[PDB]
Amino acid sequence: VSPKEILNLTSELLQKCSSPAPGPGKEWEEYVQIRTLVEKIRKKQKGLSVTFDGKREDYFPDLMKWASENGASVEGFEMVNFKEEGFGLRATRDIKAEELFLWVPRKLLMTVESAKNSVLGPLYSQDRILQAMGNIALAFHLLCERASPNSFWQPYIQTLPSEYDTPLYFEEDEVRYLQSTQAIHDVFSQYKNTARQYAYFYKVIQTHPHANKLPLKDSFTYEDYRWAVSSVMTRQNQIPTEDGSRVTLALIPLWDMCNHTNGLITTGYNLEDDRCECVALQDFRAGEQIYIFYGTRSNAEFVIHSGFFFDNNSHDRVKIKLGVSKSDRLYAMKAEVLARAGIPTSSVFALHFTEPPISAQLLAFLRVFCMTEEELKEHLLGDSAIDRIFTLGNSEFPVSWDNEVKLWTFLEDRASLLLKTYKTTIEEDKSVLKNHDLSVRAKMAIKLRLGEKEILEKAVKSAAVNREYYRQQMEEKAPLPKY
């Protein structure tokens, strides 16, 4: 209850979350330690500082009227609470693919520039974090306008969600499902970043004179900050500045009520009319939900930054770290070949679930990684050296049959090795999903760890297939293709 008590707990929180990384074996333990401090603070606070009297949908009429007054499209769709995605837009007439059905002028947007010109301007002008991080500045812009009853953006803010499914909102046992995955470190970083930021700014707001007129000085809870950054990370957009020279981050009212489906980006910024413009990704008949394609993100990115898991994500991928070792006798030649091909000697590549499993850059890396000294010479010397480097990412022009067989043997072995580092198997994951009754957040975590393994399992099978094809080419003494 005591103001000085919370200031001491946040001081303790700031110190804990500013300490260096503990080492990957100690990150789960540090995670629980930070969760313990945050939850103690949160349980001593009163939740969201500003709550509204009516239901969420009570405010959609005001948003439409406010958008209409400032030149946005307001006809042809309605807001509906869908079970799968939450609230979304639904067509009230037939909308044809490529029809411009949605447009939002810049004056309705919340941007880093509107942050600078608002009540947050003075604090923004002197705080090193706000000036450097538009995403955080937009989170505080959103909180300041939320706690301002005469704010121009109130019709937008009163329609925002009150809760999200970012991992910031998960229970400890819900995140525990992700132990041993690739994704869980970023869950840890998100939680530590948010806790450090809340404690830092809580102290800044309570002492800095450029914050004496901010509504947050009277009340700024951890729940406030968790809501604000989750609002920004699930909804923010990059748009050009008015003069088109630079980019900024923005919240786009009305348009950000659309939920995600597979497809192509059909929203662009119209600089001439100074407005966001969305054209229909597909035909939407009257009564069908209107979807857009958010972007080619992985399910790890959708879970951690967008708060949902997308079934049948055609762009799902996992990471695979690979590098030429300096203990390799051919390190110098491989490094130079990679360099001439625009590829680092060590990098984080992706494995994809859809065809093809490996990108051009990863194929080229794997070919060089397995090259003999004579092959490397052919890529460094003579009048065809540059032509050979030009084709290194092309699956149709192998270096040699033996090179392919070695690289697909390596990828199969490494993908198999990675699979064995997970604390569960794929069949075990499918059994948990089939035989246990799980919350939405729990299923997101289990489906994420399942997806990582299914991508590695598909890489193992594809590499086995490819290895056999090129071994057959070898034994058949087939003529190597030439470009």
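Between two forms, the rigid core is defined as the largest C-alpha subset superposing within 1.5 Å. For every residue, the number given is its place in the sequence shown, counted from 1.
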property: Stretch with greater C-alpha deviation in 6 other deposited structures of this protein, 377-385 versus 310-318 (rigid core superposition); result: 377-385
property: Between 69-77 and 122-130, the one whose CA atoms sit farther away in 6 other deposited structures of this protein (rigid core aligned); result: 122-130
property: Residue 20 unmodelled in at least a third of other compared entries; result: no
property: Of 412-420 and 439-447, the one with larger mean CA B-factor; result: 412-420
property: Of 93-101 and 394-402, the stretch whose C-alpha atoms average the higher B-factor in the entry; result: 394-402
property: Identity of residue with top Cα B-factor, from 175, 339, 366, 292; result: 339
property: Given 186, 243, 85, 223, the residue at which the Cα B factor reaches its maximum; result: 243
property: Among modelled residues of the same chain, the CA temperature factor third for residue 235; result: lowest
property: Chain-wide C-alpha B factor ranking for residue 42, given as lowest, middle or highest third; result: middle
property: Chain third (lowest, middle, highest) by recorded CA B-factor, residue given as residue 64; result: middle
property: Residue 107 CA temperature factor, ranked by third within the chain; result: lowest
property: Residue 192 CA temperature factor, ranked by third within the chain; result: middle
